[PDB]
>>> print(open('target.txt').read())   # compact mmCIF, C-alpha atoms and all ligand atoms
# COMPACT_ATOMS: atom_id res chain seq x y z
CA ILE A 1 -9.35 -13.63 -24.38
CA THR A 2 -9.55 -16.94 -26.23
CA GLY A 3 -6.20 -18.33 -27.30
CA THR A 4 -3.50 -20.84 -26.48
CA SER A 5 -1.36 -20.87 -23.34
CA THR A 6 2.21 -19.81 -23.96
CA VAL A 7 5.34 -19.02 -21.93
CA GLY A 8 7.08 -15.69 -22.40
CA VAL A 9 10.29 -14.41 -20.89
CA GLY A 10 11.18 -10.99 -19.59
CA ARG A 11 12.84 -8.85 -16.97
CA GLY A 12 11.25 -7.42 -13.84
CA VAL A 13 11.66 -4.04 -12.14
CA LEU A 14 14.88 -5.10 -10.37
CA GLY A 15 16.43 -6.45 -13.56
CA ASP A 16 15.85 -10.14 -12.90
CA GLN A 17 14.82 -12.54 -15.68
CA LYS A 18 11.71 -14.66 -15.25
CA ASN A 19 9.28 -16.72 -17.29
CA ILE A 20 5.66 -15.60 -17.46
CA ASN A 21 2.48 -17.36 -18.49
CA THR A 22 0.93 -15.69 -21.50
CA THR A 23 -1.84 -16.31 -24.05
CA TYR A 24 -1.36 -16.20 -27.81
CA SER A 25 -4.00 -14.93 -30.21
CA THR A 26 -2.39 -12.66 -32.83
CA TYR A 27 -0.55 -10.99 -29.94
CA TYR A 28 0.90 -12.48 -26.78
CA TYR A 29 -1.18 -11.23 -23.85
CA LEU A 30 -0.35 -11.12 -20.14
CA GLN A 31 -3.03 -13.70 -19.41
CA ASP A 32 -2.01 -16.69 -17.32
CA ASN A 33 -4.46 -19.56 -17.83
CA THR A 34 -2.60 -21.93 -15.52
CA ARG A 35 -4.10 -20.53 -12.33
CA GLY A 36 -7.81 -20.55 -11.54
CA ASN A 37 -9.85 -18.58 -14.04
CA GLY A 38 -6.82 -16.59 -15.04
CA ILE A 39 -4.44 -13.84 -14.03
CA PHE A 40 -4.74 -10.78 -16.29
CA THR A 41 -2.38 -7.80 -16.38
CA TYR A 42 -3.31 -4.49 -17.99
CA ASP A 43 -1.60 -1.30 -19.18
CA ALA A 44 -3.06 1.87 -17.65
CA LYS A 45 -0.74 3.96 -19.89
CA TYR A 46 -0.01 6.64 -17.27
CA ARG A 47 -3.71 7.45 -16.95
CA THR A 48 -6.29 6.70 -14.28
CA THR A 49 -8.98 4.98 -16.31
CA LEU A 50 -9.17 1.33 -15.22
CA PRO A 51 -8.36 -1.35 -16.04
CA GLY A 52 -6.89 0.00 -19.27
CA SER A 53 -5.96 -2.47 -21.98
CA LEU A 54 -5.05 -6.12 -21.58
CA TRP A 55 -1.27 -6.15 -21.98
CA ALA A 56 -0.38 -7.10 -25.57
CA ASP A 57 3.08 -7.89 -26.88
CA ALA A 58 4.19 -8.84 -30.39
CA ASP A 59 6.92 -11.40 -29.63
CA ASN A 60 6.41 -12.86 -26.11
CA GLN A 61 9.64 -11.22 -24.92
CA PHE A 62 9.28 -8.63 -22.18
CA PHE A 63 12.67 -6.97 -21.76
CA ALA A 64 11.75 -3.33 -22.41
CA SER A 65 11.90 -0.90 -19.49
CA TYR A 66 8.18 -0.21 -20.03
CA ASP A 67 7.46 -3.96 -19.67
CA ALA A 68 9.13 -4.43 -16.29
CA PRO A 69 6.29 -3.41 -13.96
CA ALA A 70 3.89 -5.61 -15.93
CA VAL A 71 6.20 -8.63 -15.76
CA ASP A 72 6.39 -8.37 -11.97
CA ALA A 73 2.71 -7.62 -11.32
CA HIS A 74 1.82 -10.67 -13.43
CA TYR A 75 4.48 -12.99 -12.00
CA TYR A 76 4.04 -12.03 -8.34
CA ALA A 77 0.26 -12.36 -8.62
CA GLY A 78 1.00 -15.95 -9.69
CA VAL A 79 3.22 -16.55 -6.67
CA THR A 80 0.55 -15.10 -4.37
CA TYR A 81 -2.13 -17.31 -5.96
CA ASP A 82 0.14 -20.31 -5.36
CA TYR A 83 0.69 -19.37 -1.73
CA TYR A 84 -3.01 -19.14 -0.97
CA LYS A 85 -3.84 -22.35 -2.85
CA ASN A 86 -0.92 -24.49 -1.68
CA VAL A 87 -0.69 -23.27 1.90
CA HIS A 88 -4.31 -22.41 2.78
CA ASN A 89 -6.34 -24.37 0.21
CA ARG A 90 -7.86 -21.09 -0.95
CA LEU A 91 -8.66 -20.68 -4.65
CA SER A 92 -8.05 -17.03 -5.55
CA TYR A 93 -9.27 -14.12 -3.46
CA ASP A 94 -12.94 -15.14 -3.39
CA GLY A 95 -12.28 -18.85 -2.75
CA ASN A 96 -13.87 -19.70 -6.11
CA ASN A 97 -11.03 -18.94 -8.53
CA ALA A 98 -12.08 -15.37 -9.40
CA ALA A 99 -10.01 -13.92 -12.24
CA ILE A 100 -7.18 -11.81 -10.83
CA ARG A 101 -6.71 -8.45 -12.57
CA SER A 102 -3.89 -5.90 -12.17
CA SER A 103 -3.12 -2.61 -13.90
CA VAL A 104 0.36 -1.09 -14.05
CA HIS A 105 1.63 2.33 -15.16
CA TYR A 106 -1.24 3.88 -13.21
CA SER A 107 -1.14 7.69 -13.31
CA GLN A 108 2.15 9.65 -13.29
CA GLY A 109 4.76 9.56 -10.52
CA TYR A 110 2.25 7.63 -8.44
CA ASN A 111 3.73 6.62 -5.07
CA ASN A 112 1.20 3.95 -4.12
CA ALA A 113 -0.63 0.77 -5.02
CA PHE A 114 -4.15 -0.34 -4.08
CA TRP A 115 -7.05 -2.73 -4.46
CA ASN A 116 -9.92 -0.68 -5.91
CA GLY A 117 -12.70 -3.10 -4.95
CA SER A 118 -12.26 -5.12 -8.15
CA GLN A 119 -8.58 -5.20 -9.16
CA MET A 120 -5.02 -4.37 -8.15
CA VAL A 121 -3.51 -1.06 -9.26
CA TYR A 122 0.20 -0.12 -9.24
CA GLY A 123 1.83 3.26 -9.65
CA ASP A 124 5.31 3.64 -11.16
CA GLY A 125 6.49 5.81 -8.26
CA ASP A 126 8.28 9.10 -8.81
CA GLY A 127 11.73 7.51 -8.82
CA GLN A 128 12.54 9.06 -5.45
CA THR A 129 10.06 7.68 -2.93
CA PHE A 130 9.25 4.56 -4.99
CA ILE A 131 10.23 2.74 -8.15
CA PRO A 132 7.38 0.79 -9.83
CA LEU A 133 5.63 -0.79 -6.89
CA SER A 134 4.88 -4.20 -8.43
CA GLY A 135 8.64 -4.84 -8.11
CA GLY A 136 7.99 -5.81 -4.47
CA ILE A 137 6.58 -9.29 -3.94
CA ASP A 138 5.42 -8.22 -0.46
CA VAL A 139 3.63 -5.27 -2.08
CA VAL A 140 1.82 -7.41 -4.65
CA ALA A 141 0.79 -9.91 -1.98
CA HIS A 142 -0.24 -7.01 0.31
CA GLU A 143 -2.62 -5.80 -2.41
CA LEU A 144 -4.10 -9.19 -3.29
CA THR A 145 -4.57 -9.82 0.42
CA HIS A 146 -6.84 -6.75 0.60
CA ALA A 147 -9.12 -8.62 -1.82
CA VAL A 148 -8.99 -11.72 0.40
CA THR A 149 -9.90 -9.63 3.44
CA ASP A 150 -12.74 -7.92 1.60
CA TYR A 151 -14.25 -11.30 0.64
CA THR A 152 -13.84 -12.78 4.13
CA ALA A 153 -13.69 -10.74 7.36
CA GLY A 154 -14.58 -7.55 5.51
CA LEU A 155 -12.68 -5.37 8.00
CA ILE A 156 -13.88 -1.77 7.60
CA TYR A 157 -10.99 0.43 6.41
CA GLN A 158 -10.75 2.83 9.33
CA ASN A 159 -9.64 2.95 12.96
CA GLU A 160 -8.88 -0.38 14.66
CA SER A 161 -10.58 -2.65 12.12
CA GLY A 162 -8.70 -0.79 9.38
CA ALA A 163 -5.36 -1.21 11.16
CA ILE A 164 -6.11 -4.95 11.40
CA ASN A 165 -6.96 -4.93 7.69
CA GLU A 166 -3.57 -3.31 7.00
CA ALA A 167 -1.64 -5.66 9.28
CA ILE A 168 -3.29 -8.69 7.65
CA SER A 169 -2.00 -7.41 4.28
CA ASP A 170 1.49 -6.84 5.71
CA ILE A 171 1.53 -10.24 7.45
CA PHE A 172 0.52 -12.20 4.36
CA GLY A 173 2.63 -9.99 2.11
CA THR A 174 5.58 -11.04 4.27
CA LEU A 175 4.57 -14.71 4.40
CA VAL A 176 4.34 -14.73 0.59
CA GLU A 177 7.78 -13.12 0.41
CA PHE A 178 9.13 -15.94 2.60
CA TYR A 179 7.25 -18.49 0.47
CA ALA A 180 9.10 -17.30 -2.65
CA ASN A 181 12.29 -17.26 -0.54
CA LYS A 182 14.22 -14.50 -2.30
CA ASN A 183 15.80 -12.11 0.22
CA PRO A 184 12.91 -12.54 2.66
CA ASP A 185 12.54 -10.28 5.68
CA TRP A 186 10.00 -8.75 8.05
CA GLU A 187 10.20 -5.34 6.35
CA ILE A 188 7.58 -3.96 3.97
CA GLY A 189 8.35 -2.61 0.51
CA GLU A 190 12.14 -2.56 0.83
CA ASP A 191 12.64 -3.68 -2.79
CA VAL A 192 10.83 -0.68 -4.28
CA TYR A 193 11.13 2.03 -1.60
CA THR A 194 13.61 4.94 -1.85
CA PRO A 195 16.11 3.74 -4.48
CA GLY A 196 18.60 6.36 -3.27
CA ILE A 197 18.62 5.01 0.29
CA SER A 198 19.87 1.51 1.10
CA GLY A 199 18.68 -0.56 4.03
CA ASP A 200 15.34 1.13 4.68
CA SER A 201 11.72 0.23 4.02
CA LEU A 202 8.20 1.64 4.17
CA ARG A 203 7.34 -0.22 7.38
CA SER A 204 9.04 -2.70 9.66
CA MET A 205 7.15 -5.53 11.34
CA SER A 206 10.11 -6.51 13.53
CA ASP A 207 10.56 -2.96 14.81
CA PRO A 208 7.70 -0.68 13.67
CA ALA A 209 9.07 2.16 15.81
CA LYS A 210 12.11 2.55 13.57
CA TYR A 211 9.79 4.55 11.28
CA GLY A 212 7.70 6.07 14.06
CA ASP A 213 4.89 3.51 13.93
CA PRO A 214 3.61 2.28 17.29
CA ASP A 215 4.72 -1.06 18.74
CA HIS A 216 2.41 -0.91 21.75
CA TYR A 217 -1.29 -0.11 22.19
CA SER A 218 -0.42 2.75 24.57
CA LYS A 219 1.24 4.49 21.59
CA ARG A 220 -1.70 4.15 19.21
CA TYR A 221 -2.72 7.05 16.99
CA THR A 222 -6.27 8.28 17.57
CA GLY A 223 -6.47 11.19 15.14
CA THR A 224 -8.24 11.32 11.79
CA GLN A 225 -5.31 11.20 9.33
CA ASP A 226 -4.91 8.06 7.20
CA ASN A 227 -8.43 6.78 7.96
CA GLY A 228 -7.66 6.94 11.67
CA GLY A 229 -4.10 5.69 11.23
CA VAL A 230 -4.62 2.40 9.40
CA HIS A 231 -1.01 2.37 8.07
CA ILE A 232 0.30 3.55 11.47
CA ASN A 233 -1.56 1.47 14.06
CA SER A 234 -0.94 -1.60 11.90
CA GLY A 235 2.47 -1.55 13.60
CA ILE A 236 0.92 -2.78 16.84
CA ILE A 237 -0.52 -5.87 15.16
CA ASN A 238 2.51 -6.36 12.90
CA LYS A 239 4.70 -6.44 16.01
CA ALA A 240 2.41 -8.99 17.66
CA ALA A 241 2.55 -11.20 14.56
CA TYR A 242 6.33 -10.87 14.36
CA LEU A 243 6.62 -11.91 18.02
CA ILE A 244 4.31 -14.91 17.57
CA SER A 245 6.51 -16.16 14.75
CA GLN A 246 10.00 -15.14 15.84
CA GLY A 247 9.73 -14.63 19.59
CA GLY A 248 11.45 -11.97 21.66
CA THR A 249 11.13 -9.89 24.80
CA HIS A 250 9.26 -6.65 24.21
CA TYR A 251 8.59 -4.11 26.98
CA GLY A 252 9.73 -6.83 29.37
CA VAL A 253 7.25 -9.45 28.13
CA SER A 254 8.81 -12.61 26.70
CA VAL A 255 7.22 -14.43 23.78
CA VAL A 256 8.17 -17.93 22.68
CA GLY A 257 8.26 -17.99 18.86
CA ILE A 258 6.32 -20.69 17.03
CA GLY A 259 7.44 -19.98 13.47
CA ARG A 260 5.97 -18.48 10.29
CA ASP A 261 3.89 -21.44 9.18
CA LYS A 262 1.92 -21.55 12.43
CA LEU A 263 1.56 -17.74 12.42
CA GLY A 264 0.05 -18.05 8.95
CA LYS A 265 -2.34 -20.84 9.95
CA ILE A 266 -3.51 -18.94 13.03
CA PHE A 267 -4.07 -15.63 11.25
CA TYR A 268 -5.65 -17.22 8.17
CA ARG A 269 -8.14 -19.01 10.39
CA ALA A 270 -8.82 -15.84 12.37
CA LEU A 271 -9.37 -13.89 9.16
CA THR A 272 -11.71 -16.42 7.60
CA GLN A 273 -13.61 -17.86 10.60
CA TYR A 274 -13.67 -15.26 13.37
CA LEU A 275 -13.00 -11.65 12.37
CA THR A 276 -15.92 -9.44 11.31
CA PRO A 277 -16.10 -6.03 9.61
CA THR A 278 -16.04 -4.22 12.97
CA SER A 279 -13.42 -6.27 14.85
CA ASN A 280 -11.15 -4.24 17.11
CA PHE A 281 -7.71 -5.19 18.45
CA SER A 282 -9.11 -6.91 21.55
CA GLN A 283 -11.42 -8.94 19.33
CA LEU A 284 -8.49 -9.87 17.08
CA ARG A 285 -6.65 -11.18 20.15
CA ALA A 286 -9.69 -13.32 21.01
CA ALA A 287 -9.95 -14.52 17.40
CA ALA A 288 -6.26 -15.48 17.29
CA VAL A 289 -6.47 -17.27 20.66
CA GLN A 290 -9.51 -19.20 19.50
CA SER A 291 -7.90 -20.03 16.15
CA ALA A 292 -4.77 -21.35 17.85
CA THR A 293 -6.99 -23.33 20.24
CA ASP A 294 -8.83 -24.93 17.30
CA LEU A 295 -5.58 -25.82 15.56
CA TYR A 296 -3.27 -26.80 18.41
CA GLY A 297 -5.27 -27.24 21.60
CA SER A 298 -6.02 -25.04 24.60
CA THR A 299 -2.93 -26.19 26.50
CA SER A 300 -0.59 -25.74 23.53
CA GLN A 301 2.52 -23.60 23.31
CA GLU A 302 0.90 -21.96 20.28
CA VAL A 303 -2.01 -20.62 22.35
CA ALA A 304 0.34 -19.48 25.12
CA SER A 305 2.51 -17.65 22.59
CA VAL A 306 -0.44 -15.83 21.02
CA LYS A 307 -1.39 -14.56 24.49
CA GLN A 308 2.19 -13.53 25.26
CA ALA A 309 2.48 -11.58 22.01
CA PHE A 310 -0.71 -9.61 22.50
CA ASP A 311 0.29 -8.98 26.13
CA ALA A 312 3.63 -7.66 24.88
CA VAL A 313 1.91 -5.07 22.67
CA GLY A 314 -0.61 -4.10 25.34
CA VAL A 315 -3.70 -5.67 23.77
CA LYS A 316 -6.00 -7.50 26.21
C1 LIG B 401 2.55 4.18 0.49
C2 LIG B 401 1.28 4.64 1.20
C3 LIG B 401 0.60 3.53 2.00
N1 LIG B 401 0.30 2.39 1.15
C4 LIG B 401 0.50 1.08 1.52
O1 LIG B 401 0.94 0.75 2.61
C5 LIG B 401 0.17 0.04 0.45
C6 LIG B 401 1.36 -0.12 -0.50
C7 LIG B 401 2.67 -0.54 0.19
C8 LIG B 401 2.60 -2.02 0.59
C9 LIG B 401 3.85 -0.29 -0.76
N2 LIG B 401 -0.97 0.45 -0.40
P1 LIG B 401 -2.58 0.15 0.19
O2 LIG B 401 -2.51 0.00 1.69
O3 LIG B 401 -3.26 -0.94 -0.57
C10 LIG B 401 -3.30 1.79 -0.20
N3 LIG B 401 -4.67 1.77 0.28
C11 LIG B 401 -5.65 2.51 -0.30
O4 LIG B 401 -5.48 3.17 -1.32
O5 LIG B 401 -6.87 2.42 0.28
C12 LIG B 401 -7.95 3.34 0.01
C13 LIG B 401 -8.95 2.80 -0.98
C14 LIG B 401 -8.67 2.75 -2.35
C15 LIG B 401 -9.61 2.25 -3.24
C16 LIG B 401 -10.84 1.78 -2.78
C17 LIG B 401 -11.13 1.83 -1.42
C18 LIG B 401 -10.19 2.34 -0.52
CA CA B 402 8.15 -7.81 -26.73
CA CA B 403 12.95 -8.73 1.02
CA CA B 404 9.77 -7.45 2.65
CA CA B 405 15.43 2.27 -0.12
ZN ZN B 406 -2.86 -1.84 2.40
>>> encode(input="target.txt", output="structure tokens")
Amino acid sequence: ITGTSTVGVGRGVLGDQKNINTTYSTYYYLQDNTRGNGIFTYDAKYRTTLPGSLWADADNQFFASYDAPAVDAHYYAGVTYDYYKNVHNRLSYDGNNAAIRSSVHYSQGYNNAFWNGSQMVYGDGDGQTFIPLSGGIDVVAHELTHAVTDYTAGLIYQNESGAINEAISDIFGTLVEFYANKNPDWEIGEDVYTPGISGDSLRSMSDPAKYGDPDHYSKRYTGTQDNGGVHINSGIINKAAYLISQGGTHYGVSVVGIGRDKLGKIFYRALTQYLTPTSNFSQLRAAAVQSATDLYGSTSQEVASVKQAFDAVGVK
């Protein structure tokens, strides 16, 4: 909507205070004009009609329990925008500053979040498996990254291409979490998953097997559940990415770590210049090797490490 840019204050899902960019016109709306063509956050009001209504607030203070998922969806979308712009010179998910839209309070007891082809959508969780999912910066960045993938490589959401799609979202979700630098880790969704259980997470990139996800191609799932295991087989690629960044010896294969920034550069280039909708794991390896070659040279440690990592997870 048309109005003047304002700065509200509120509390997120985890109880932390933050400032948020709003727009004033009679009400204060969750509309951040400071980034691209705007970040807009909507109330789905426990229903499934999308987007719902642009979030309106009378006083620009967002401290009510009902406000918390909106505060975080809005704020973490901003952080994710900043990551892509500042680190990769990418303007929003389409590269042309597309408006970024999110809806919170989607459905009832909804233990998931998704990109619906046009916007991000966050459940509140049932209070047992999840609390409101926008409370996780890695989750928000995971969702926005699906939009980036859809506008670039276009990885089909099933089987190997779908597992790559998932891993790309986990990788950049994690890199955004490190970018913000608040309790960063290589786990996925730990801030909003299972409030009654400390120390766990939805997935682990450092050790996918801790939750039964494969960490080697020989352990890949080939059934039909979960679109051919897109949230399962992502572990194989997540592990490779973790090794590229952090190093380690995995099934006897040693990988020299090159750090998060170079991991991000290599995978961003692969995603935007080499991957296609039908890319499989072997083709991702080739794309990553070529990307590292472009960036660092054929004889570089970076190229050698990419090869080591894919060797370690059994992807040739
Ligand atoms: C919890 C179940 C698995 N979900 C996830 O791993 C993450 C959320 C995590 C990061 C907390 N959600 P996601 O992967 O975006 C869910 N994906 C999903 O719903 O895709 C299916 C789909 C939805 C709309 C349009 C096309 C296709
Ligand atoms: Ca208020
Ligand atoms: Ca964390
Ligand atoms: Ca995390
Ligand atoms: Ca937990
Ligand atoms: Zn996903």
>>> residues_near_ligand(input="target.txt", ligand="ligand CA 405 (chain B)", cutoff="9 Å", atoms="all atoms listed in the file", output="JSON, numbers by chain")
{"A": [129, 130, 189, 190, 191, 192, 193, 194, 195, 196, 197, 198, 199, 200, 201, 202]}
>>> residues_around(input="target.txt", residues="residue 208 of chain A", least_positions_apart="5", cutoff="6 Å", atoms="all atoms listed in the file", output="list in words")
residues 213, 215 and 235 of chain A
>>> closest_residue(input="target.txt", among="A:147, A:288, A:258, A:39", to="residue 21 of chain A", atoms="all atoms listed in the file")
A:39
>>> closest_atom_pairs(input="target.txt", of="chain A", to="ligand CA 404 (chain B)", cutoff="9 Å", atoms="only C-alpha atoms and all ligand atoms", output="Markdown table")
| residue | atom | partner | partner_atom | distance |
| --- | --- | --- | --- | --- |
| A:136 | CA | B:CA404 | CA | 7.5 |
| A:137 | CA | B:CA404 | CA | 7.5 |
| A:138 | CA | B:CA404 | CA | 5.4 |
| A:139 | CA | B:CA404 | CA | 8.1 |
| A:170 | CA | B:CA404 | CA | 8.8 |
| A:173 | CA | B:CA404 | CA | 7.6 |
| A:174 | CA | B:CA404 | CA | 5.8 |
| A:177 | CA | B:CA404 | CA | 6.4 |
| A:178 | CA | B:CA404 | CA | 8.5 |
| A:183 | CA | B:CA404 | CA | 8.0 |
| A:184 | CA | B:CA404 | CA | 6.0 |
| A:185 | CA | B:CA404 | CA | 5.0 |
| A:186 | CA | B:CA404 | CA | 5.6 |
| A:187 | CA | B:CA404 | CA | 4.3 |
| A:188 | CA | B:CA404 | CA | 4.3 |
| A:189 | CA | B:CA404 | CA | 5.5 |
| A:190 | CA | B:CA404 | CA | 5.7 |
| A:191 | CA | B:CA404 | CA | 7.2 |
| A:201 | CA | B:CA404 | CA | 8.0 |
| A:203 | CA | B:CA404 | CA | 9.0 |
| A:204 | CA | B:CA404 | CA | 8.5 |
>>> write_last_selection(input="target.txt", atoms="C-alpha atoms", output="PDB file, in the coordinates of the input")
ATOM      1  CA  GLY A 136       7.990  -5.810  -4.470  1.00  0.00           C
ATOM      2  CA  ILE A 137       6.580  -9.290  -3.940  1.00  0.00           C
ATOM      3  CA  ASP A 138       5.420  -8.220  -0.460  1.00  0.00           C
ATOM      4  CA  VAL A 139       3.630  -5.270  -2.080  1.00  0.00           C
ATOM      5  CA  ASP A 170       1.490  -6.840   5.710  1.00  0.00           C
ATOM      6  CA  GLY A 173       2.630  -9.990   2.110  1.00  0.00           C
ATOM      7  CA  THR A 174       5.580 -11.040   4.270  1.00  0.00           C
ATOM      8  CA  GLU A 177       7.780 -13.120   0.410  1.00  0.00           C
ATOM      9  CA  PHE A 178       9.130 -15.940   2.600  1.00  0.00           C
ATOM     10  CA  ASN A 183      15.800 -12.110   0.220  1.00  0.00           C
ATOM     11  CA  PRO A 184      12.910 -12.540   2.660  1.00  0.00           C
ATOM     12  CA  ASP A 185      12.540 -10.280   5.680  1.00  0.00           C
ATOM     13  CA  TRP A 186      10.000  -8.750   8.050  1.00  0.00           C
ATOM     14  CA  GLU A 187      10.200  -5.340   6.350  1.00  0.00           C
ATOM     15  CA  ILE A 188       7.580  -3.960   3.970  1.00  0.00           C
ATOM     16  CA  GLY A 189       8.350  -2.610   0.510  1.00  0.00           C
ATOM     17  CA  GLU A 190      12.140  -2.560   0.830  1.00  0.00           C
ATOM     18  CA  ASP A 191      12.640  -3.680  -2.790  1.00  0.00           C
ATOM     19  CA  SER A 201      11.720   0.230   4.020  1.00  0.00           C
ATOM     20  CA  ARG A 203       7.340  -0.220   7.380  1.00  0.00           C
ATOM     21  CA  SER A 204       9.040  -2.700   9.660  1.00  0.00           C
TER      22      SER A 204
END
>>> closest_residue(input="target.txt", among="A:3, A:132, A:127, A:12", to="residue 103 of chain A", atoms="only C-alpha atoms")
A:132
>>> residues_around(input="target.txt", residues="residue 9 of chain A", least_positions_apart="6", cutoff="8 Å", atoms="all atoms listed in the file", output="list in words")
residues 17, 18, 19, 20, 60, 61, 62 and 63 of chain A
>>> residues_near_ligand(input="target.txt", ligand="ligand ZN 406 (chain B)", cutoff="10 Å", atoms="all atoms listed in the file", output="PyMOL selection string")
chain A and resi 112-115+139+141-146+157+162-163+165-170+173+230-231+234
>>> closest_residue(input="target.txt", among="A:256, A:31, A:16, A:67", to="ligand CA 402 (chain B)", atoms="all atoms listed in the file")
A:67
>>> residues_around(input="target.txt", residues="residue 102 of chain A", least_positions_apart="6", cutoff="10 Å", atoms="all atoms listed in the file", output="list in words")
residues 39, 40, 41, 42, 43, 44, 50, 51, 52, 54, 70, 73, 74, 77, 114, 115, 118, 119, 120, 121, 122, 134, 140, 143 and 144 of chain A
